[PDB]
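Per-entry structural report
Residues per chain, in single letters:
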Amino acid sequence: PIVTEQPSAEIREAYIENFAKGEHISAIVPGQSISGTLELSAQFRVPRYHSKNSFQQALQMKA
Amino acid sequence: XXXXXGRXXXXXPXXXXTXXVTXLXXXXXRXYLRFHXXXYXXXXXXX
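Residues numbered from 1 in each chain as written, not as in the entry; some residues may be left out. Chains lettered and ligands numbered in written order. Part of a larger assembly, values for the part shown. Heavy atoms only, no water. Residues with missing side-chain atoms left out of burial classes, pairs and counts.

This entry, as listed in the PDB, derives from cryo-EM and reports a resolution of 2.89 Å.

Under the PDB entry, the name given to chain B is Unkown, and the organism recorded is Saccharomyces cerevisiae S288C. For this structure, the PDB entry title reads "Cryo-EM structure of the yeast Swi/Snf complex in a nucleosome free state".

The PDB entry lists chain A under the name SWI/SNF global transcription activator complex subunit SWP82, from Saccharomyces cerevisiae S288C.

Below is the structure:
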């Protein structure tokens, strides 16, 4: 599960042969890398210590 | 509990020089040429 290469050598070889010709194949062949994501902002968000109208009220009261 | 006058301060955790900083707001407290087109056998060949 760590690496993400296409696991079967046959599809990689067929892909590269058809690519050498110039044609496409059916399956998808992505490049090698490790698995995992970094979904920032789908995560820790800005805390709201203020209420909705706290800042405007503070403005009217000048604080 | 800790909310003060409409402010929602509730969601907070409650439980060389050595400067001191206030917590909760940190501040101090190839290819080689072939013979043709290289200018011989274009001025030559007495045969």
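From this point, things continue past the structure.
1. Quick word on the overall build of chain A
Rules: Note on conventions: DSSP H or I runs of at least 4 residues are helices, E runs of at least 2 residues are strands, and numbering of each starts at the N terminus. C-alpha atoms define the radius of gyration in this analysis, and the globule rule sets the expected value at 2.2 Å times the number of residues to the power 0.38. Buried residues are those whose accessible area, probed at 1.4 Å on protein chains only, stays under 20% of the maximum for their type, while exposed residues exceed 50% and partly exposed ones sit between those limits. Each accessible area value is a Shrake-Rupley result obtained with a 1.4 Å probe; residue values ignore everything except the protein chains displayed when judging cover. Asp and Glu are treated as the negative residues and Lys and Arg as the positive ones, with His and the ends of the chain left uncounted. The atoms used to mark charge sites are NZ of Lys, CZ of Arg, CG of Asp and CD of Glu.
Secondary structure summary: chain A contains two helices and zero strands in total. A compact globule built from 63 residues would reach a C-alpha radius of gyration of about 11 Å, whereas chain A, at 26 Å, exceeds it by more than 25%. Overall, chain A is about 75 × 25 × 15 Å in size when its C-alpha atoms are taken along their principal axes. Burial statistics for chain A: of 63 residues in total, 6% are counted as buried. Carbon and sulfur atoms make up 59% of the accessible area of chain A, which amounts to about 6,100 Å² in all. Of the side-chain charges in chain A, 6 are positive and 6 negative, and the distance between the mean point of each set is 33 Å.

2. Things to note about the packing of aromatic side chains
Threshold: Any two rings among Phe, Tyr and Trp, with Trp reduced to its six-membered ring, count as a pair given centres within 6.5 Å; such a pair is stacked if its planes are under 30 degrees apart, edge-to-face if over 60, and tilted if neither.
Note on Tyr 15 of chain A and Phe 19 of chain A: the rings are 6.3 Å apart at their centroids and 10 degrees apart in plane angle, and the pair reads as stacked. In this pair, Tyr 15 of chain A and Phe 19 of chain A are both assigned in helix α1 (residues 9–21), four residues apart and thus about one turn of the helix distant.

3. Structural notes on α1 of chain A
Heads up, the rule is: Given the number of residues in a helix, its expected span is that number minus one, multiplied by 1.5 Å.
If you check α1 of chain A, its first and last C-alpha atoms are 19 Å apart, about what 13 residues at 1.5 Å a residue would give, namely 18 Å. The positive-phi residue at the C-terminal boundary of α1 of chain A is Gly 22 of chain A, with phi of around 125 degrees.

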